[PDB]
C-alpha cells in the first residue's frame, strides 16, 4: 500500500537529494535518463511526482480532479470538500503537495462505499 508520506514534487525531491531545486525538472526536460533511471517518478496530471521509496506504486495516485470526474461530479468536487469539510476525507488516503490534492485509486473506492 502506497505510503503517502513519501510523495514529493520534483523540486522537493531535488532538495532531498541535496541538489538545486531544478535539478530533476531539468533532467526530465532534457531527457537525462541516465540520471532519471535511478528514481521512482511518474507524470501525474501536470506534476512530475517522485518518491524516495522504490516500493511505492505511483500509478495508485490520482488527482482530486480526476477522482471528481470518475465519480460523475464537477471538476472541483473533492477540492471543494477538502477545503471546507476536511473531515469528510477522514479514512480516505490523500496527500496535498505541489498545490494539488491527490487521492488513491483504493481510497476513491473507500469513499464511494462511504
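Residue numbers count along the first chain shown, from 1.
Taking only CA atoms, the mean B-factor in the PDB entry is higher for 38-46 than for the other of 61-69 and 38-46.
Residue 87: CA B factor lies in the highest third for its chain, per the PDB record. Among the modelled residues of the chain, residue 51 sits in the lowest third by CA temperature factor in this PDB entry. Sort the modelled residues of the chain by CA B factor and residue 100 lands in the lowest third. Ranked within its chain, residue 4 lands in the middle third, by CA B factor from the PDB record.
Ranked within its chain, residue 25 lands in the middle third, by CA B factor from the PDB record.
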